[PDB]
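J.: Okay, handing you the structure first.
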Amino acid sequence: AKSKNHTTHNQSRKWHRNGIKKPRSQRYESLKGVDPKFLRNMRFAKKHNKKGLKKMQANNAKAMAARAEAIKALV
Amino acid sequence: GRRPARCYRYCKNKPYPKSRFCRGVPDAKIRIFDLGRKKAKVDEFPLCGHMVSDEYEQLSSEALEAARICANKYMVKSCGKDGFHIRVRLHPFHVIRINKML
Amino acid sequence: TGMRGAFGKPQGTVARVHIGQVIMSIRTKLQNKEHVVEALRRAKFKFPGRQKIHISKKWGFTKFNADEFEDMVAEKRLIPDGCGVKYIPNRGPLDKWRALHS
RNA sequence: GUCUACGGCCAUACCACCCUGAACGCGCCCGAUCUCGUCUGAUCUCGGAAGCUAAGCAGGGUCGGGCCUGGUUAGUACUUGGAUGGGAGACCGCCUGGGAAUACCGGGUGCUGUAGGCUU
RNA sequence: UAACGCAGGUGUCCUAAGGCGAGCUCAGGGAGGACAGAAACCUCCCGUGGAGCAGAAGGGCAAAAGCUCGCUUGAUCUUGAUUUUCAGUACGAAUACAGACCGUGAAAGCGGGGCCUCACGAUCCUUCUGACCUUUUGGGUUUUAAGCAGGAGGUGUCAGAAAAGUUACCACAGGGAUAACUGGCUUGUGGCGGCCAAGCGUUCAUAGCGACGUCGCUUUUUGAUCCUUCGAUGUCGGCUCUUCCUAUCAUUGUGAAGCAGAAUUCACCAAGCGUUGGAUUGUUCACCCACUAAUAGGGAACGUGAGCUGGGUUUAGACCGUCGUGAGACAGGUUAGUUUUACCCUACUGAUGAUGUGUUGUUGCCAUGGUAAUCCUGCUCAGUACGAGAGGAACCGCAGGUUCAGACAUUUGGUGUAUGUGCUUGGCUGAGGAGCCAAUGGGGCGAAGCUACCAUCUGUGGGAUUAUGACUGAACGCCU
RNA sequence: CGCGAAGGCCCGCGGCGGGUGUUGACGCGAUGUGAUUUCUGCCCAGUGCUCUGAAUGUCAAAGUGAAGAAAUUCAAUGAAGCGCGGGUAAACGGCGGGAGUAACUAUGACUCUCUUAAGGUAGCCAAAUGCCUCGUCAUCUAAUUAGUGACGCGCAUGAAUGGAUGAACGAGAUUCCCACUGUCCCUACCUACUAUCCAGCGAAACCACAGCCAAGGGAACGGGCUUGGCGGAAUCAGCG
RNA sequence: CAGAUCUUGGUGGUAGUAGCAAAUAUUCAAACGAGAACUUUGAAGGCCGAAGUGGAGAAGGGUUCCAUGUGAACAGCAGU
RNA sequence: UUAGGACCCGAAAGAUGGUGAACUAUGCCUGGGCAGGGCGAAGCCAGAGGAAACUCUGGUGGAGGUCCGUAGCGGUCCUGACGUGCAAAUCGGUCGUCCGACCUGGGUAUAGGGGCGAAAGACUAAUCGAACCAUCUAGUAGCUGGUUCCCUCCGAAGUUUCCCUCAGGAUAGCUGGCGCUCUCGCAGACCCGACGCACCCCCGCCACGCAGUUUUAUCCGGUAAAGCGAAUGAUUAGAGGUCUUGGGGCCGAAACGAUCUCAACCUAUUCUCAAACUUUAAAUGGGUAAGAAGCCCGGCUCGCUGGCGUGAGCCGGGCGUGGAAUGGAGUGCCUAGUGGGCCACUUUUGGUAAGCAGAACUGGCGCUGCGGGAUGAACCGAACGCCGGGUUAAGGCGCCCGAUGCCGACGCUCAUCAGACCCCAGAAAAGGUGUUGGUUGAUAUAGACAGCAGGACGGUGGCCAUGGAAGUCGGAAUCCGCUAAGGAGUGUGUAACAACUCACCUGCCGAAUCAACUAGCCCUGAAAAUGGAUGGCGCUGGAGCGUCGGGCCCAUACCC
């Protein structure tokens with residue numbers, strides 16, 4: 001049956017009675033949507049630092065000690 | 001019918017001129033906007049009389065027909081028939097709508 | 001029809017005026033000051049509202065004004081053409097206008 | 001001063017004209033065996049160096065059209081916020097602040113990156 | 001970011017109008033050429049989109065996204081992510097990617113539909129395609145059926161029911177979110193009044209009107225609206241009765257004329273007082289016959305139904321015409337059709353009584369409220385004023401009337417149950433006489449009483465001023 | 001219109017069941033119209049009803065063949081009803097529109113024309129049926145939207161869905177005239193039973209609280225609220 | 001519990017009010033009796049007026065019939 | 001949410017099984033009843049007449065869904081009476097039929113989707129367009145009504161999407177409760193911050209974080225405005241220039257040779273516009289960034305990217321908080337009510353307008369009282385525990401009513417309809433030597449405007465129109481002299497008019513005079529229905545209007 005139509009004017013009070021207007025900006029945003037060809041590689045570069053003990057950081061271990069020895073002479 | 005000009009006196013709608021989207025508009029009751037001795041050179045008549053509005057209103061093209069005649073009908077009796085020059089500086093463009101609701 | 005759908009269909013045509021707009025304008029000799037000033041109030045009665053009447057400072061219908069106008073015509077910057085006067089500026093190749101006519 | 005090849009900005013680079021040229025540097029150009037496409041070797045493609053700046057192009061000029069940037073127009077129009085402001089009403093003045101556009105009048109007419117020449 | 005706002009379009013069309021690459025450049029205009037003309041074909045020039053790209057419109061584009069050629073099917077297979085629809089759910093559509101196999105292009109590139117914005121579809125069910133697929137119930141083979149993934153068959157009410165009417169014989173839940181009456185707000189329309197002044201009024205704008213334009217008022221017209229009532233305000237007219245208004249038909253006082261008199265037209269103070277009898281229709285309205293000083297317009301819940309009438313709308317019965325195949329409908333015609341309650345409060349008209357002067361009684365004053373009188377004819381003035389004439393009044397008197405008001409019964413009429421006196425029908429006391437019964441037996445004549453425009457009498461004086469006409473008299477040496 | 005009884009119409013939960021039927025076409029059953037008089041026009045296209053049927057178009061249980069290992073798949077064969085073809089309107093029902101044309105002008109015998117299954121024939125009327133409409137003409141009246149009598153271009157009249165008429169009859173619907181009268185002009189008076197008052201006996205509807213007005217605002221018509229006008233106990237008969 | 005046109009029970013205002021008006025009509029004296037417009041007797045005046053306000057029946061009622069007595073209650077006042 | 005009713009009470013209906021024909025409808029069996037008169041059909045007798053057919057006249061006769069009319073049966077009109085009645089349908093008068101299709105008792109038959117119907121959807125125990133009784137049954141209902149003690153704390157929506165959805169639901173949104181992870185003064189007797197504080201200050205420590213704000217930096221748009229000698233569209237008016245043109249033509253080739261003459265064009269100009277036009281283009285507005293999630297170096301990893309570069313990612317090392325102002329933030333569940341809204345400043349669509357319908361932003365009302373607007377949702381002020389004292393906002397301060405009982409300031413206005421305060425309930429175009437200001441042009445000692453001093457003068461009814469016009473419908477025309485002074489003529493009515501009479505100014509008297517525009521108040525314009533409203537009484541050196549001072553009054557607000 002015949003009746004009245006709407007109106008929309010408390011849309012702003014309810015709006016801000018509560019309601020934080022930020023999406024919680026955050027470090028380590030998820031990798032959802034990146035190029036799969038690009039992403040496959042970055043899954044490999046991780047894979048060959050997470051695999052083994054002798055290959056990678058044996059180069060890291062030596063270079064750090066030089067970083068350890070070089071800086072101390074200044075003090 | 002009469003449709004007295006009390007109804008369409010204020011300016012309370014967006015301009016709605018005669019165009020392709022508004023067909024069936026009649027022709028305005030004013031057609032001759034200039035009368036007198038039109039060929040007169042600019043050397044001739046150096047006294048330019050004006051009429052200026054004072055209310056942001058609407059003037060019906062019915063009136064401009066009768067205002068032109070009324071002021072013309074006097075000058076002809078005063079100056080002569082080639083002694084003045086009259087120009088209506090207003091054109092009726094904004095067509096106005098009506099509705100029959102009986 | 002019961003107002004189940006009421007968009008008007010056109011009739012008549014109207015023109016709008018803003019405060020300061022010039023409705024009607026008359027040219028005449030300088031000796032006919034009074035014939036203009038009261039013929040317009042005779043016209044004023046066929047218009048809604050009230051309109052002021054005054055005599056312009058502008059020579060004829062030209063863009064240019066009271067008695068400095070006769071100098072430029074003598075100075076050769078304006079030329080009379082029918083109901084109006086052309087402004088002769090200097091940006092135009094007047095060395096191809098003076099060469100044409102001093 | 002400038003040109004050639006590739007460009008960035010994409011008219012202060014345009015358009016109408018007129019004037020002068022800094023090795024054929026760019027072109028005009030002389031031909032059609034071959035490559036190649038046409039009704040036509042005009043175009044496209046291919047082979048050259050007898051001439052030529054007339055044309056393209058570059059530089060300049062027009063109290064030029066345009067174009068860019070200014071000026072007046074104007075603290076005008078318009079407007080955020082206020083009033084127990086005026087007005088029967090159309091509308092308008094004020095306080096608080098923000099603030100334009102034509103007409104018209106001046107100035108300007110390419111800057112430059114990489115690679116490569118010329119001193120005519 | 002809304003309305004039954006505005007101007008429009010879609011349910012399709014394409015093996016090319018998709019995908020490339022190349023080469024050209026369009027619309028429009030000018031000047032020239034056998035037939036050839038404005039309008040065929042040939043050439044040159046100007047040509048920033050003025051053309052075209054399927055269609056609606058917007059956007060976009062010139063060595064293209066337009067036109068013409070050459071080759072092709074990226075309109076194919078499979079994963080996910082994101083955007084648009086305000087649930088950040090779907091479908092639809094679209095954007096970047098990724099894995100395959102390809103098309104074109106030497107090439108870099110472009111392409112998984114149309115240059116972008118629309119051209120479309122769930123569960124259940126059926127049908128086709130796919131793998132050495134799974135299951136087919138104690139085991140095995142086969143036919144059959146059931147599954148998994150991907151398309152199609154469609155729900156246009158398009159997030160997707162399977163669906164014809166009438167009810168005036170109607171019913172129930174509710175609704176004043178929702179119509180038919182008043183009552184509101186507005187005033188288009190209806191009615192009324194101004195302003196301007198071209199003219200008409202033989203002369204002249206304004207005696208009387210006033211077009212082209214414009215400004216208002218009223219709610220006695222119909223509209224537009226849905227605010228109140230649908231646990232009911234009885235909804236058309238007429239009869240009866242009161243009051244109120246003025247925008248005045250007649251009456252008292254006056255202004256003006258193209259006003260000689262008579263009749264008249266415009267206007268002012270003005271609502272005291274009047275505004276009728278009838279044929280026809282339900283009528284409001286309308287139109288007529290007649291008289292009259294005139295036969296003016298209206299309001300009070302479109303006054304007034306516990307005041308009436310019920311003629312017409314508008315229940316149920318019927319008949320006709322039209323429509324419907326049919327029940328039935330008509331915003332067409334006709335006929336018959338239950339009108340309920342007052343004793344409550346209030347108001348109103350009457351009637352007792354109340355407080356106070358010590359109690360009673362008599363004779364009176366006015367504070368206030370009501371208000372009442374109105375209209376006409378005849379004689380005379382006078383066939384005069386006025387007018388060539390035709391025609392033709394008034395003031396002061398005299399005599400009477402219509403309307404209304406207050407009474408009265410002498411006369412006239414009516415009443416009559418003094419049941420008064422006679423006449424008289426039927427019956428009844430044995431008859432005469434005297435009487436009775438027949439809801440007052442009938443009918444004559446009738447006292448008192450009550451009554452009638454159907455008889456009779458009476459109905460008034462000042463004050464303040466409005467409209468208008470004036471005196472004196474400045475502002476403004478005159479003039480008012 | 002059906003029906004000759006192993007029948008028509010019909011009841012029935014069911015039987016060698018029951019009604020018409022203790023009947024038999026001058027009868028039972030189903031309809032429509034409505035005495036008599038006088039007539040009953042054209043249309044079988046539509047919607048129904050009925051009649052027949054070989055060469056049968058569609059056509060379902062059985063039944064027959066063919067292939068398969070079988071469930072099954074396929075084919076031929078194929079009753080009634082439909083489709084095909086006749087009748088029927090006292091079956092439901094229906095029954096035209098344009099131009100031009102006779103010696104003044106109006107009208108139209110006539111001719112041309114498009115279109116249905118026919119094109120409304122006999123009659124009849126602004127009627128109970130005619131929107132325009134208070135049709136036009138006459139009568140009755142002083143005056144008549146009414147009645148009556150003619151006219152017909154009839155939105156939408158019409159033949160048994162009957163047409164037209166007509167003596168008698170009707171608590172049917174309308175108009176007028178004679179007589180009559182209180183219907184009315186214009187009210188009056190008389191009587192009986194009430195009403196009224198007293199003795200006795202005495203209920204029900206109804207009720208937020210209660211009841212004086214004008215204006216304002218308001219849920220846009222107040223008894224209450226605001227501003228005013230004002231207000232006296234208790235009551236009786238009336239009143240709408 | 002304040003409500004639901006709430007259920008049951010109870011009581012008001014209205015109200016000593018509406019009302020006890022259909023079919024002609026009653027009066028005088030006496031008796032019992034506490035008491036009399038009404039009961040009973042007598043006198044008079046009236047009506048129903050033989051299709052009756054008369055004399056008997058059928059349906060139906062079921063002791064209302066008849067006598068003696070009562071004055072709570074009912075007989076819309078009263079009552080011997 | 002399902003149910004046992006399922007908050008409580010509420011339907012119109014549906015199904016199963018049974019009781020009724022004592023009313024009534026109709027058939028049948030068996031009984032009862034129907035005064036008194038009119039009309040006068042067949043049939044029969046007599047008389048007359050005629051050839052016969054048979055015709056007349058007078059009797060007799062007693063037929064009929066016949067007539068007046070009583071019982072009986074029924075129910076027309078008064079739209080009579082009563083209408084809480086005598087009666088849940090009666091009574092009075094008046095009425096129709098009354099030998100037949102008549103009225104009636106008793107006995108028997110037909111029963112609910114059934115009977116019966118001379119047909120009205122009538123009748124079937126006061127009920128019928130499917131009876132009554134019991135049961136399924138406490139039947140369903142987005143639909144009305146009602147829901148029972150106190151205080152404290154918090155506290156909304158009427159909007160999105162979908163729905164056979166429009167009076168209802170689901171879903172977001174808004175609301176409450178319960179917590180939880182951290183900061184934190186729950187910080188000590190040792191002296192903090194190139195980060196925050198309480199306080200030695202935080203060995204443990206989010207001072208990191210965030211906002212209906214502005215500042216700074218950079219983006220974004222296409223409304224108001226503006227523009228059209230800028231594109232599209234619309235549109236007016238002249239100028240100049242020569243091609244097809246005409247219309248009037250001239251020549252007779254032919255005249256855009258020329259020349260008249262208009263014209264479609266072109267050229268520069270000009271008048272006015274646009275929600276679905278736009279070169280320009282604001283105000284307000286929308287994202288971002290304002291440091292440790294950083295600044296910077298050294299090394300390592302690759303199945304992608306290739307000049308030798310790599311882009312992404314991992315390790316390691318030094319510098320920490322980095323524009324203004326405010327206080328704590330983050331996070332998880334369960335969720336009842338709402339999904340009928342309304343009003344105002346502004347912006348705004350349809351409409352003539354509406355106390356109308358439809359939208360954006362904000363604030364209100366609903367949910368909300370209080371002071372003021374006399375009264376009132378929504379206007380102005382302001383937000384509520386119970387109070388005392390003080391002061392305020394909006395309003396006001398004759399009296400009603402707290403406050404001016406100030407010797408308040410300057411002015412304007414006479415209304416026989418004064419005016420008197422946001423929303424608001426107080427009308428206009430047009431007028432007024434009413435009155436008070438302003439603007440503009442004049443004239444005055446080569447002296448004013450009045451009044452006194454003369455007047456519309458005369459050739460002349462000029463010439464004409466004849467239409468009559470010596471001032472007049474109307475005429476090209478329309479002068480002279482006087483120049484105080486008069487228009488070959490301006491308002492009145494007209495036979496042409498007579499006639500009233502519309503101007504300029506001589507001399508004197510002797511300082512202000514004229515005209516037009518213009519705004520303030522007042523007045524006319526201004527008409528309606530009970531008596532009628534600035535709130536009332538009243539108000540006129542104001543208790544009216546404008547521009548303002550001191551002082552004073554009190555709200556639940558502000559202060560103690």
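J.: Test C:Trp59 against the stated conditions and say whether it is surrounded by 10 or more Cβ atoms within 10 Å (Cβ to Cβ), in a loop (DSSP other than H, G, I, E, B) and in contact with a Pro (Cβ under 6 Å, 6 or more places away or on another chain). Please lay out each step first, then the result.
T.: Working: surrounded by 10 or more Cβ atoms within 10 Å (Cβ to Cβ): yes; in a loop (DSSP other than H, G, I, E, B): yes; in contact with a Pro (Cβ under 6 Å, 6 or more places away or on another chain): yes.
So C:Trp59 passes the test.
J.: Looking for something away from RNA strand D (no atom under 16 Å from the Cβ), without any contact (Cβ under 8 Å) to a residue 60 or more places away in the chain, out of contact with any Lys or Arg (no Cβ under 7 Å at 6 or more places or on another chain) and more than 16 Å from B:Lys41 (Cβ to Cβ) - is there at least one such residue anywhere in region C:59-67?
T.: Within region C:59-67, one or more residues are away from RNA strand D (no atom under 16 Å from the Cβ), without any contact (Cβ under 8 Å) to a residue 60 or more places away in the chain, out of contact with any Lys or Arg (no Cβ under 7 Å at 6 or more places or on another chain) and more than 16 Å from B:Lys41 (Cβ to Cβ).
J.: List every residue pair whose Cβ atoms sit under 8 Å apart, with the two residues 6 or more apart in sequence or on different chains, where the first one lies in region B:1-20 and is at the interface with chain C (Cβ under 8 Å from one of its Cβ atoms) and in a loop (DSSP other than H, G, I, E, B) and the second, anywhere, is within 16 Å of RNA strand D (Cβ to nearest atom) and aromatic (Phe, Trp, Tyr).
T.: B:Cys11/B:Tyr56
J.: Which of the residues belonging to region B:9-31 are surrounded by 10 or more Cβ atoms within 10 Å (Cβ to Cβ) and either of a type in the set (A, V, I, L, M) or near RNA strand E (Cβ under 8 Å from one of its atoms) (or both)?
T.: B:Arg9, B:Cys22, B:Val25, B:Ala28, B:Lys29, B:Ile30
J.: Exactly one of (1) within 16 Å of RNA strand D (Cβ to nearest atom); (2) touching a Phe, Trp or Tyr at 6+ places or on another chain (Cβ under 6 Å) is unmet by B:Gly36. Its number?
T.: The number of the failed condition is (1).
J.: Inspect all residues belonging to region B:72-95 and state whether any of them is within 28 Å of C:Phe7 (Cα to Cα), out of contact with any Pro (no Cβ under 9 Å at 6 or more places or on another chain) and either aliphatic (A, V, I, L, M) or more than 7 Å from chain C (Cβ to nearest Cβ) (or both).
T.: So far as region B:72-95 goes, yes, one or more of its residues are within 28 Å of C:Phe7 (Cα to Cα), out of contact with any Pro (no Cβ under 9 Å at 6 or more places or on another chain) and either aliphatic (A, V, I, L, M) or more than 7 Å from chain C (Cβ to nearest Cβ) (or both).
J.: Same structure again: In region B:69-99, which residues are in contact (Cβ under 8 Å) with a residue 40 or more places away in the chain, of a type in the set (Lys, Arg) and within 13 Å of C:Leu40 (Cα to Cα)?
T.: Matches in region B:69-99: B:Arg87 only.
J.: Right, B:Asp27: within 11 Å of RNA strand H (Cβ to nearest atom), assigned to a loop (DSSP other than H, G, I, E, B), closer than 18 Å to C:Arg42 by Cα and not aliphatic (A, V, I, L, M) or not? Working first, answer last.
T.: Details: within 11 Å of RNA strand H (Cβ to nearest atom): yes; assigned to a loop (DSSP other than H, G, I, E, B): yes; closer than 18 Å to C:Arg42 by Cα: no; not aliphatic (A, V, I, L, M): yes.
Criteria not met by B:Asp27.
J.: If you scan region C:17-36, which residues turn out to be more than 19 Å from B:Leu35 (Cβ to Cβ) and assigned to a helix (DSSP H, G or I)? Lay out the reasoning, then the answer.
T.: Looking only at region C:17-36, we keep the residues that are more than 19 Å from B:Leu35 (Cβ to Cβ), and these are C:17-21, C:30-31, C:33-34.
C:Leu30, C:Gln31, C:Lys33, C:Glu34, listed by residue number.
J.: Are there any pairs, at least 6 apart or on different chains, whose C-beta atoms fall under 9 Å, with the first in region B:26-55 and within 7 Å of chain C (Cβ to nearest Cβ) and in contact (Cβ under 8 Å) with a residue 24 or more places away in the chain and the second buried (at least 19 other Cβ atoms within 10 Å of the Cβ) and aromatic (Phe, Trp, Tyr), and if so, which?
T.: Between residues of region B:26-55 that are within 7 Å of chain C (Cβ to nearest Cβ) and in contact (Cβ under 8 Å) with a residue 24 or more places away in the chain and residues that are buried (at least 19 other Cβ atoms within 10 Å of the Cβ) and aromatic (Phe, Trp, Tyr), the close pairs are B:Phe45/B:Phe84.
Read the figures in this text as sums done on the coordinates, not as results from a lab. FYI the Cβ positions are ideal-geometry reconstructions off the backbone, even for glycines, and counts take in every protein chain you see.
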